[PDB]
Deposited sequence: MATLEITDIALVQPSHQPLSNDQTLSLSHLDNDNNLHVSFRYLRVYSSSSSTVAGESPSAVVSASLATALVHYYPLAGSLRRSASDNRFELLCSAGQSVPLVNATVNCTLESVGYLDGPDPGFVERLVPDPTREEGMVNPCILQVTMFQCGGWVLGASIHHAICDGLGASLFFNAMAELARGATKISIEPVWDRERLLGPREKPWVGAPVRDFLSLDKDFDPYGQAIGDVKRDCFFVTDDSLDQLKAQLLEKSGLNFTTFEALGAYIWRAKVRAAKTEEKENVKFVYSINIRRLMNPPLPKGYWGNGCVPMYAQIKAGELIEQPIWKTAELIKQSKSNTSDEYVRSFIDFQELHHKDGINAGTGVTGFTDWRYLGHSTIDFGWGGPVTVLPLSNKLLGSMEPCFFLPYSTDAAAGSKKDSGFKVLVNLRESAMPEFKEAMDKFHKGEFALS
């Protein structure tokens, strides 16, 4: 059973093509991001279709179709009256739609509500990553949630204005910290690498294992690292090691940061497009599998150095210059995404906050083996997508961690 939800009240009089920002049109984001929310305890089917319909008054672009435009290969978003977001009513893979490129450009936002008699239900979503980032999506979902809870109007009104706020410079200019991560190769597909079948697996990590880990890196290097730095170091090393990567292959650690607060001037509060740029560390595989973790952890710590206004403006301008030319960060890229402490909590439709949340996409940040830190004696889940050949050695690495045999050099 699949309901085609249109806006409650119709906002568009005549058609409307919006362009997307230079961050939106990054080739790494030509993918459908797939995730699901679980909840316990009018039915959730009905409650989310009503939220959806009223939020679509303000978020009507999600209803729209992406296409390529003949002048360049950039996406623009066609919006027209009659457009609708599909709501599917209803192993884990069947819980959120898996649209192919065409279906994903045709329906860049697709929701699914699976109820089963065991109280709970699941909300699945398949949003094309060019439309928006995780903060953007979460503006959209908190807006639906708040409307479900009886809100009078949406509390933050969404801002488009994308080609204006995140456009290129009239005289484009790209700095060394962008040029040194990236390369041009029209013939390279970050997501088409022959690495065998990619598995998904989950590992619990205890707040106490991490504190052990930081205390020892501190004793041996006099720096305190963040969980992200220390644990990311450890997972990166373990991954590259298990993939038996050739010693002189350049490997990379990539993560996404929110730049909204950091621009001059800051981005609007209502801004729901892509408002993240990828940050990197790179090193030879051999150096990584054999240097101490404190060095690798330090290398990641130093990468947020490049978090600045100019770094973002460089990245955009690089895309102006080379969109048609195959921009990529090459092979050996591992993506990492921190999810531990977003506000999952407030996407409350009536049934409380989601008891667990789960990303299914394994193509992200120009990686095929992206890793995610998922929300909460105490500890959190680490999800790793890793090629099948590497996964047994990797399980053993996480089991050594679990037992605090960290192998620090």
| property | result |
| --- | --- |
| Deposited positions without coordinates, collected into consecutive stretches in sequence order | 1-7, 49-55, 105-122, 409-418 |
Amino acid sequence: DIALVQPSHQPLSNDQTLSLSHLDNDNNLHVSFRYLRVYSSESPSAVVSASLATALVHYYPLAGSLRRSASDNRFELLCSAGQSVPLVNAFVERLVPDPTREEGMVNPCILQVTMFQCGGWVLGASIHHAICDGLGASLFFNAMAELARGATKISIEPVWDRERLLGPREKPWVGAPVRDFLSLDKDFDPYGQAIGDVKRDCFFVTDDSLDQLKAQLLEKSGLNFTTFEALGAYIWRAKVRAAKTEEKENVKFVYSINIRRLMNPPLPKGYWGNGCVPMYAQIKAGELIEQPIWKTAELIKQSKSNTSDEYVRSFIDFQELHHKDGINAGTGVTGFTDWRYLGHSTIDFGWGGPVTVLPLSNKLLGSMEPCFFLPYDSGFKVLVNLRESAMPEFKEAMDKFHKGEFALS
From here on, numbers count along this sequence of modelled residues.
query: Coordinates lacking for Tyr59, a third or more of other entries; finding: no
query: Unresolved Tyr376 in a third or more of other entries flanked by modelled residues; finding: yes
query: Mean temperature factor over C-alpha atoms, higher-scoring stretch between 132-140 and 74-82; finding: 74-82
query: Residue stretch of maximal mean CA temperature factor, 193-201 vs 113-121; finding: 113-121
query: Peak C-alpha temperature factor (PDB record), options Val312, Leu288, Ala238, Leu218; finding: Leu218
query: Residue selected from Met368, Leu360, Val355, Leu29 by maximal Cα B factor; finding: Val355
query: Among modelled residues of the same chain, the CA temperature factor third for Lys301; finding: lowest
query: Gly335 - Cα temperature factor, lowest/middle/highest third of chain; finding: lowest
query: CA B-factor placement of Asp180, once the chain's modelled residues are sorted into thirds; finding: lowest
query: Among modelled residues of the same chain, the CA temperature factor third for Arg34; finding: lowest
query: Ranked against its chain, the third holding the CA B-factor of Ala46; finding: highest
